[PDB]
Structures are given as structure tokens and as C-alpha cells.
>>> print(open('my_file.cif').read())   # mmCIF, C-alpha atoms; chains and numbers go by the auth columns
data_protein
#
loop_
_atom_site.group_PDB
_atom_site.id
_atom_site.type_symbol
_atom_site.label_atom_id
_atom_site.label_comp_id
_atom_site.label_asym_id
_atom_site.label_seq_id
_atom_site.Cartn_x
_atom_site.Cartn_y
_atom_site.Cartn_z
_atom_site.B_iso_or_equiv
_atom_site.auth_seq_id
_atom_site.auth_asym_id
ATOM 1 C CA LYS A 1 -7.455 -6.316 16.424 0.00 364 A
ATOM 2 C CA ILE A 2 -6.207 -3.611 14.096 0.00 365 A
ATOM 3 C CA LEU A 3 -3.974 -5.516 11.699 0.00 366 A
ATOM 4 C CA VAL A 4 -0.705 -3.712 11.028 0.00 367 A
ATOM 5 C CA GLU A 5 0.508 -4.523 7.539 0.00 368 A
ATOM 6 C CA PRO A 6 4.050 -4.962 6.275 0.00 369 A
ATOM 7 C CA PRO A 7 5.096 -1.752 4.527 0.00 370 A
ATOM 8 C CA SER A 8 5.684 -3.113 0.986 0.00 371 A
ATOM 9 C CA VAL A 9 9.341 -2.443 0.018 0.00 372 A
ATOM 10 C CA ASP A 10 8.742 0.198 -2.668 0.00 373 A
ATOM 11 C CA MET A 11 7.099 2.294 0.039 0.00 374 A
ATOM 12 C CA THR A 12 10.135 1.874 2.309 0.00 375 A
ATOM 13 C CA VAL A 13 12.141 3.462 -0.478 0.00 376 A
ATOM 14 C CA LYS A 14 9.749 6.390 -0.116 0.00 377 A
ATOM 15 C CA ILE A 15 10.191 6.207 3.666 0.00 378 A
ATOM 16 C CA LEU A 16 13.993 6.338 3.560 0.00 379 A
ATOM 17 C CA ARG A 17 13.891 8.972 0.831 0.00 380 A
ATOM 18 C CA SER A 18 11.940 11.152 3.259 0.00 381 A
ATOM 19 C CA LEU A 19 14.659 10.340 5.817 0.00 382 A
ATOM 20 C CA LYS A 20 17.494 11.712 3.668 0.00 383 A
ATOM 21 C CA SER A 21 17.379 14.986 5.588 0.00 384 A
ATOM 22 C CA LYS A 22 17.829 13.404 9.006 0.00 385 A
ATOM 23 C CA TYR A 23 20.683 10.905 8.687 0.00 386 A
ATOM 24 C CA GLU A 24 22.734 13.254 6.509 0.00 387 A
ATOM 25 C CA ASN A 25 22.290 15.841 9.246 0.00 388 A
ATOM 26 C CA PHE A 26 22.845 13.243 11.963 0.00 389 A
ATOM 27 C CA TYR A 27 26.460 12.465 11.118 0.00 390 A
ATOM 28 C CA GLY A 28 27.214 14.305 7.862 0.00 391 A
ATOM 29 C CA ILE A 29 28.323 11.602 5.433 0.00 392 A
ATOM 30 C CA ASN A 30 26.636 11.834 2.032 0.00 393 A
ATOM 31 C CA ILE A 31 24.399 8.913 1.095 0.00 394 A
ATOM 32 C CA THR A 32 24.026 7.832 -2.514 0.00 395 A
ATOM 33 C CA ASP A 33 20.566 7.193 -3.895 0.00 396 A
ATOM 34 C CA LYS A 34 21.439 3.949 -5.653 0.00 397 A
ATOM 35 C CA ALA A 35 22.248 2.324 -2.318 0.00 398 A
ATOM 36 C CA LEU A 36 19.021 3.513 -0.667 0.00 399 A
ATOM 37 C CA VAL A 37 17.006 1.391 -3.079 0.00 400 A
ATOM 38 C CA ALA A 38 19.680 -1.277 -2.674 0.00 401 A
ATOM 39 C CA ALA A 39 19.387 -1.114 1.112 0.00 402 A
ATOM 40 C CA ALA A 40 15.803 -2.343 0.823 0.00 403 A
ATOM 41 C CA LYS A 41 15.711 -4.782 -2.100 0.00 404 A
ATOM 42 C CA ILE A 42 18.774 -6.712 -0.977 0.00 405 A
ATOM 43 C CA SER A 43 17.224 -6.883 2.488 0.00 406 A
ATOM 44 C CA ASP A 44 14.268 -8.818 1.006 0.00 407 A
ATOM 45 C CA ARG A 45 15.813 -11.878 -0.570 0.00 408 A
ATOM 46 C CA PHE A 46 18.371 -12.455 2.168 0.00 409 A
ATOM 47 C CA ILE A 47 17.218 -11.405 5.649 0.00 410 A
ATOM 48 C CA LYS A 48 14.114 -13.190 6.946 0.00 411 A
ATOM 49 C CA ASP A 49 13.804 -12.777 10.723 0.00 412 A
ATOM 50 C CA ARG A 50 13.809 -8.994 10.584 0.00 413 A
ATOM 51 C CA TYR A 51 11.278 -7.291 8.330 0.00 414 A
ATOM 52 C CA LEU A 52 10.915 -4.363 6.014 0.00 415 A
ATOM 53 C CA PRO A 53 11.252 -1.106 8.045 0.00 416 A
ATOM 54 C CA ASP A 54 13.726 -2.603 10.515 0.00 417 A
ATOM 55 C CA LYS A 55 15.902 -3.931 7.695 0.00 418 A
ATOM 56 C CA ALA A 56 15.690 -0.671 5.756 0.00 419 A
ATOM 57 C CA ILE A 57 16.631 1.555 8.701 0.00 420 A
ATOM 58 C CA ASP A 58 19.111 -0.455 10.793 0.00 421 A
ATOM 59 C CA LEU A 59 21.477 -0.922 7.837 0.00 422 A
ATOM 60 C CA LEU A 60 21.783 2.827 7.359 0.00 423 A
ATOM 61 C CA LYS B 1 -31.645 7.915 -6.495 0.00 545 B
ATOM 62 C CA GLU B 2 -28.796 9.949 -7.968 0.00 546 B
ATOM 63 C CA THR B 3 -27.056 9.556 -4.624 0.00 547 B
ATOM 64 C CA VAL B 4 -27.950 5.860 -4.702 0.00 548 B
ATOM 65 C CA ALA B 5 -26.571 5.634 -8.243 0.00 549 B
ATOM 66 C CA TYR B 6 -23.547 7.572 -6.974 0.00 550 B
ATOM 67 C CA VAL B 7 -22.694 4.630 -4.702 0.00 551 B
ATOM 68 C CA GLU B 8 -21.842 1.959 -7.265 0.00 552 B
ATOM 69 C CA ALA B 9 -19.196 4.033 -9.044 0.00 553 B
ATOM 70 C CA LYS B 10 -17.925 5.511 -5.743 0.00 554 B
ATOM 71 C CA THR B 11 -18.152 2.410 -3.566 0.00 555 B
ATOM 72 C CA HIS B 12 -15.823 3.198 -0.701 0.00 556 B
ATOM 73 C CA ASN B 13 -15.231 6.929 -1.146 0.00 557 B
ATOM 74 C CA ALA B 14 -18.364 9.077 -1.414 0.00 558 B
ATOM 75 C CA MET B 15 -17.308 12.220 0.459 0.00 559 B
ATOM 76 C CA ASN B 16 -20.694 13.972 0.868 0.00 560 B
ATOM 77 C CA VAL B 17 -23.158 11.409 2.251 0.00 561 B
ATOM 78 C CA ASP B 18 -25.373 11.736 5.343 0.00 562 B
ATOM 79 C CA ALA B 19 -26.329 8.054 5.265 0.00 563 B
ATOM 80 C CA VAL B 20 -24.844 4.658 6.036 0.00 564 B
ATOM 81 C CA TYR B 21 -25.234 2.603 2.892 0.00 565 B
ATOM 82 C CA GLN B 22 -24.459 -1.090 2.510 0.00 566 B
ATOM 83 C CA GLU B 23 -21.098 -0.538 0.886 0.00 567 B
ATOM 84 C CA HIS B 24 -19.863 1.542 3.807 0.00 568 B
ATOM 85 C CA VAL B 25 -20.177 -1.524 6.036 0.00 569 B
ATOM 86 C CA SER B 26 -18.459 -3.746 3.500 0.00 570 B
ATOM 87 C CA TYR B 27 -15.585 -1.271 3.392 0.00 571 B
ATOM 88 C CA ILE B 28 -15.017 -1.850 7.101 0.00 572 B
ATOM 89 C CA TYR B 29 -14.955 -5.634 6.820 0.00 573 B
ATOM 90 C CA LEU B 30 -12.248 -5.346 4.182 0.00 574 B
ATOM 91 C CA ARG B 31 -10.607 -2.651 6.296 0.00 575 B
ATOM 92 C CA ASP B 32 -10.586 -5.044 9.247 0.00 576 B
ATOM 93 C CA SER B 33 -9.766 -8.267 7.418 0.00 577 B
ATOM 94 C CA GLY B 34 -6.438 -8.711 5.696 0.00 578 B
ATOM 95 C CA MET B 35 -7.229 -6.706 2.585 0.00 579 B
ATOM 96 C CA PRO B 36 -4.195 -5.015 1.037 0.00 580 B
ATOM 97 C CA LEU B 37 -3.863 -2.096 -1.407 0.00 581 B
ATOM 98 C CA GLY B 38 -6.671 -1.556 -3.863 0.00 582 B
ATOM 99 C CA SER B 39 -7.738 -4.973 -5.003 0.00 583 B
ATOM 100 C CA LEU B 40 -10.746 -6.483 -6.775 0.00 584 B
ATOM 101 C CA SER B 41 -13.010 -5.279 -3.992 0.00 585 B
ATOM 102 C CA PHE B 42 -11.693 -1.748 -4.250 0.00 586 B
ATOM 103 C CA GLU B 43 -12.023 -2.068 -8.036 0.00 587 B
ATOM 104 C CA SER B 44 -15.708 -2.925 -7.704 0.00 588 B
ATOM 105 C CA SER B 45 -17.974 -2.376 -10.755 0.00 589 B
ATOM 106 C CA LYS B 46 -14.998 -0.956 -12.695 0.00 590 B
ATOM 107 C CA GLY B 47 -12.026 -3.306 -12.360 0.00 591 B
ATOM 108 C CA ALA B 48 -13.533 -6.733 -11.759 0.00 592 B
ATOM 109 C CA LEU B 49 -14.491 -6.891 -15.431 0.00 593 B
ATOM 110 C CA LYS B 50 -10.856 -6.113 -16.339 0.00 594 B
ATOM 111 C CA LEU B 51 -9.532 -9.408 -15.015 0.00 595 B
ATOM 112 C CA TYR B 52 -9.557 -11.659 -18.056 0.00 596 B
ATOM 113 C CA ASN B 53 -7.472 -9.138 -19.950 0.00 597 B
ATOM 114 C CA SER B 54 -5.186 -8.694 -16.940 0.00 598 B
ATOM 115 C CA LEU B 55 -4.248 -12.364 -16.585 0.00 599 B
ATOM 116 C CA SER B 56 -3.833 -12.556 -20.362 0.00 600 B
ATOM 117 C CA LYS B 57 -1.058 -9.983 -20.031 0.00 601 B
ATOM 118 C CA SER B 58 0.668 -12.160 -17.459 0.00 602 B
ATOM 119 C CA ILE B 59 -0.225 -15.647 -18.740 0.00 603 B
ATOM 120 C CA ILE B 60 -0.878 -16.355 -22.396 0.00 604 B
#
>>> encode(input="my_file.cif", output="C-alpha cells")
Amino acid sequence: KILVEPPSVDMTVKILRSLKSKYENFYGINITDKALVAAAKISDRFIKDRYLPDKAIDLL
Amino acid sequence: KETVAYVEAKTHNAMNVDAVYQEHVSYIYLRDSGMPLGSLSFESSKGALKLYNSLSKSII
């Protein structure tokens, strides 16, 4: 049993911020940096069945 | 004894040690149990005395 931890939302900001190069080169459309933080923090208080990296990445 | 005295201020990170001390084993138990980012146990002999002032900053 190696326990895999939840990735602690302020780190998922750092995950998606590292992923700015890939999605903007995937389909071209510029992504604001306000909404990247807002893609994670609004995913907390509202969505429950999914969790932190799935919520932060599927919405983009 | 300087390497023994090195242990208590460098509990879980020692970085040049050819020996298995007691606090190496206790790292692994925390590493295996549900121990998050650097807590009380990671703040051993330095941070566990800083608790009464910490909770005073949150609760007065």
C-alpha cells in the first residue's frame, strides 16, 4: 500500500501553470491566468465526485 | 557523537550518513502512514515548541 495523496489545490495551480505550453499549442486559443486559478478553486466547493487533478484538467 | 548530534536537528534529511539511525525508520512509518506535508513530526525538535504561539495566532 503506497498511499497516493490528493494534490492540494494550490499545487494544481502549479500543475496547470506548467501545462500552459501544451494546451495553448494544442488548439491555439489564449488562456487567461485569472481563470486558471479559478478553474481549480471553484472546482473545490462545488464538484465532489471528481477530485482535484481531474477537475482542474477536464474543465480546460 | 557529532554525527549523532547531527541527527536531532536533521531528523529526516541527513544526506551523508552510512548508518541506519532510529529516526530513519520513523521517517518511513510517517512516509507510509497518512502523513501530509511537513507537519509536527517533520518539525521535530524545532517546530513542536512553536505550537502555543501558532494557535494563539489563529485562536485568541
>>> closest_atom_pairs(input="my_file.cif", of="chain A", to="chain B", cutoff="10 Å", atoms="all atoms listed in the file", output="tab-separated table")
residue	atom	partner	partner_atom	distance
A:364	CA	B:576	CA	7.9
A:365	CA	B:576	CA	6.7
A:366	CA	B:576	CA	7.1
A:367	CA	B:578	CA	9.3
A:368	CA	B:580	CA	8.0
A:369	CA	B:580	CA	9.8
A:371	CA	B:581	CA	9.9
>>> residues_around(input="my_file.cif", residues="residue 582 (chain B)", least_positions_apart="5", cutoff="12 Å", atoms="all atoms listed in the file", output="MDAnalysis selection string")
chainID B and resid 556 571 574:575 587:588 591:592
>>> axis_aligned_box(input="my_file.cif", around="region 582-585 of chain B", padding_each_side="4 Å", output="AutoDock Vina command-line options")
--center_x -9.8 --center_y -4.0 --center_z -5.3 --size_x 14.3 --size_y 12.9 --size_z 10.9
>>> resolve_selection(input="my_file.cif", expression="the PyMOL selection byres ((chain A and resi 401) around 12)", output="ChimeraX atom specification")
/A:372-373,375-376,379,394-400,402-408,418-419,422-423
>>> closest_residue(input="my_file.cif", among="B:584, B:593, B:598, B:567", to="residue 550 (chain B)", atoms="only C-alpha atoms")
B:567
>>> residues_around(input="my_file.cif", residues="residue 558 (chain B)", least_positions_apart="3", cutoff="12 Å", atoms="all atoms listed in the file", output="list in words")
residues 547, 548, 549, 550, 551, 552, 553, 554, 555, 561, 562, 563, 564, 565, 567, 568 and 571 of chain B
>>> atom_distance(input="my_file.cif", atom1="CA of residue 416 (chain A)", atom2="CA of residue 378 (chain A)")
8.6 Å
>>> atom_distance(input="my_file.cif", atom1="CA of residue 557 (chain B)", atom2="CA of residue 599 (chain B)")
27.0 Å
>>> decode(input="my_file.cif", residues="region 374-413 of chain A", atoms="N, CA and C atoms", output="JSON list (two decimals), in the first residue's frame")
[["chain", "number", "residue", "atom", "x", "y", "z"],
["A", 374, "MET", "N", -1.22, 23.35, -5.42],
["A", 374, "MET", "CA", -0.26, 22.69, -6.28],
["A", 374, "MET", "C", -0.83, 22.44, -7.67],
["A", 375, "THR", "N", -2.14, 22.23, -7.79],
["A", 375, "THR", "CA", -2.73, 22.03, -9.11],
["A", 375, "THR", "C", -2.71, 23.30, -9.93],
["A", 376, "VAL", "N", -2.70, 24.46, -9.26],
["A", 376, "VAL", "CA", -2.39, 25.70, -9.95],
["A", 376, "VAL", "C", -1.01, 25.63, -10.56],
["A", 377, "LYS", "N", -0.03, 25.15, -9.79],
["A", 377, "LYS", "CA", 1.31, 24.96, -10.31],
["A", 377, "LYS", "C", 1.38, 23.85, -11.35],
["A", 378, "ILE", "N", 0.47, 22.89, -11.31],
["A", 378, "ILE", "CA", 0.43, 21.87, -12.35],
["A", 378, "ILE", "C", -0.06, 22.46, -13.66],
["A", 379, "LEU", "N", -1.21, 23.14, -13.62],
["A", 379, "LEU", "CA", -1.79, 23.72, -14.82],
["A", 379, "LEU", "C", -0.95, 24.86, -15.37],
["A", 380, "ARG", "N", -0.24, 25.57, -14.49],
["A", 380, "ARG", "CA", 0.65, 26.62, -14.95],
["A", 380, "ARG", "C", 1.82, 26.04, -15.73],
["A", 381, "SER", "N", 2.27, 24.84, -15.36],
["A", 381, "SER", "CA", 3.25, 24.13, -16.18],
["A", 381, "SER", "C", 2.64, 23.62, -17.47],
["A", 382, "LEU", "N", 1.32, 23.47, -17.53],
["A", 382, "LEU", "CA", 0.63, 22.99, -18.71],
["A", 382, "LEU", "C", 0.12, 24.12, -19.60],
["A", 383, "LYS", "N", 0.60, 25.34, -19.39],
["A", 383, "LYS", "CA", 0.21, 26.44, -20.27],
["A", 383, "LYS", "C", 0.80, 26.29, -21.66],
["A", 384, "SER", "N", 1.95, 25.63, -21.77],
["A", 384, "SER", "CA", 2.59, 25.48, -23.07],
["A", 384, "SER", "C", 1.87, 24.47, -23.94],
["A", 385, "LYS", "N", 1.18, 23.51, -23.34],
["A", 385, "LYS", "CA", 0.67, 22.39, -24.12],
["A", 385, "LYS", "C", -0.73, 22.64, -24.67],
["A", 386, "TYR", "N", -1.64, 23.16, -23.85],
["A", 386, "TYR", "CA", -3.00, 23.40, -24.32],
["A", 386, "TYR", "C", -3.05, 24.58, -25.28],
["A", 387, "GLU", "N", -2.25, 25.62, -25.02],
["A", 387, "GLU", "CA", -2.17, 26.74, -25.94],
["A", 387, "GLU", "C", -1.52, 26.36, -27.26],
["A", 388, "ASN", "N", -0.71, 25.31, -27.27],
["A", 388, "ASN", "CA", -0.22, 24.77, -28.53],
["A", 388, "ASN", "C", -1.08, 23.62, -29.03],
["A", 389, "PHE", "N", -2.03, 23.15, -28.23],
["A", 389, "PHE", "CA", -2.92, 22.10, -28.70],
["A", 389, "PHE", "C", -3.93, 22.65, -29.68],
["A", 390, "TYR", "N", -4.57, 23.76, -29.33],
["A", 390, "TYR", "CA", -5.64, 24.30, -30.15],
["A", 390, "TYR", "C", -5.59, 25.81, -30.34],
["A", 391, "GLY", "N", -4.67, 26.52, -29.70],
["A", 391, "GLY", "CA", -4.28, 27.86, -30.10],
["A", 391, "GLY", "C", -4.85, 28.98, -29.24],
["A", 392, "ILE", "N", -6.03, 28.77, -28.66],
["A", 392, "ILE", "CA", -6.77, 29.85, -28.02],
["A", 392, "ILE", "C", -6.08, 30.24, -26.72],
["A", 393, "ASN", "N", -5.84, 31.54, -26.56],
["A", 393, "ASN", "CA", -5.13, 32.06, -25.40],
["A", 393, "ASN", "C", -5.95, 31.86, -24.13],
["A", 394, "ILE", "N", -5.26, 31.50, -23.05],
["A", 394, "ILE", "CA", -5.90, 31.18, -21.78],
["A", 394, "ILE", "C", -5.44, 32.20, -20.76],
["A", 395, "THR", "N", -6.39, 32.90, -20.16],
["A", 395, "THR", "CA", -6.07, 33.87, -19.13],
["A", 395, "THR", "C", -5.58, 33.16, -17.87],
["A", 396, "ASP", "N", -4.86, 33.91, -17.05],
["A", 396, "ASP", "CA", -4.26, 33.33, -15.85],
["A", 396, "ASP", "C", -5.10, 33.57, -14.61],
["A", 397, "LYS", "N", -6.10, 34.45, -14.68],
["A", 397, "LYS", "CA", -7.11, 34.51, -13.64],
["A", 397, "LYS", "C", -7.93, 33.23, -13.61],
["A", 398, "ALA", "N", -8.35, 32.76, -14.78],
["A", 398, "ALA", "CA", -9.28, 31.65, -14.85],
["A", 398, "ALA", "C", -8.61, 30.32, -14.51],
["A", 399, "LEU", "N", -7.29, 30.24, -14.65],
["A", 399, "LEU", "CA", -6.57, 29.02, -14.30],
["A", 399, "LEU", "C", -6.62, 28.76, -12.80],
["A", 400, "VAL", "N", -6.43, 29.81, -12.00],
["A", 400, "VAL", "CA", -6.68, 29.70, -10.57],
["A", 400, "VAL", "C", -8.16, 29.44, -10.32],
["A", 401, "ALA", "N", -9.02, 30.12, -11.08],
["A", 401, "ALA", "CA", -10.46, 29.97, -10.92],
["A", 401, "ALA", "C", -10.96, 28.63, -11.42],
["A", 402, "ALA", "N", -10.20, 27.94, -12.28],
["A", 402, "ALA", "CA", -10.61, 26.61, -12.70],
["A", 402, "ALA", "C", -10.45, 25.60, -11.57],
["A", 403, "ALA", "N", -9.59, 25.89, -10.61],
["A", 403, "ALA", "CA", -9.33, 24.95, -9.53],
["A", 403, "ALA", "C", -10.14, 25.25, -8.28],
["A", 404, "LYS", "N", -10.17, 26.52, -7.86],
["A", 404, "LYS", "CA", -10.81, 26.87, -6.60],
["A", 404, "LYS", "C", -12.32, 26.76, -6.67],
["A", 405, "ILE", "N", -12.90, 27.05, -7.83],
["A", 405, "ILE", "CA", -14.33, 26.86, -7.99],
["A", 405, "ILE", "C", -14.66, 25.39, -8.13],
["A", 406, "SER", "N", -13.70, 24.57, -8.55],
["A", 406, "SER", "CA", -13.94, 23.14, -8.60],
["A", 406, "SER", "C", -14.01, 22.50, -7.22],
["A", 407, "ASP", "N", -13.43, 23.15, -6.20],
["A", 407, "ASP", "CA", -13.44, 22.62, -4.84],
["A", 407, "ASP", "C", -14.82, 22.61, -4.24],
["A", 408, "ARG", "N", -15.38, 23.81, -4.06],
["A", 408, "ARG", "CA", -16.58, 23.99, -3.26],
["A", 408, "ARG", "C", -17.83, 23.48, -3.93],
["A", 409, "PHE", "N", -17.75, 23.02, -5.17],
["A", 409, "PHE", "CA", -18.94, 22.68, -5.91],
["A", 409, "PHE", "C", -18.95, 21.24, -6.40],
["A", 410, "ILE", "N", -17.87, 20.76, -7.00],
["A", 410, "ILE", "CA", -17.84, 19.39, -7.51],
["A", 410, "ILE", "C", -17.22, 18.49, -6.46],
["A", 411, "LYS", "N", -17.88, 17.37, -6.17],
["A", 411, "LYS", "CA", -17.47, 16.46, -5.12],
["A", 411, "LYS", "C", -17.03, 15.09, -5.62],
["A", 412, "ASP", "N", -17.71, 14.53, -6.63],
["A", 412, "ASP", "CA", -17.43, 13.16, -7.03],
["A", 412, "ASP", "C", -16.12, 13.04, -7.79],
["A", 413, "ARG", "N", -15.81, 14.02, -8.64],
["A", 413, "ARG", "CA", -14.47, 14.13, -9.18],
["A", 413, "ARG", "C", -13.57, 14.80, -8.15]]
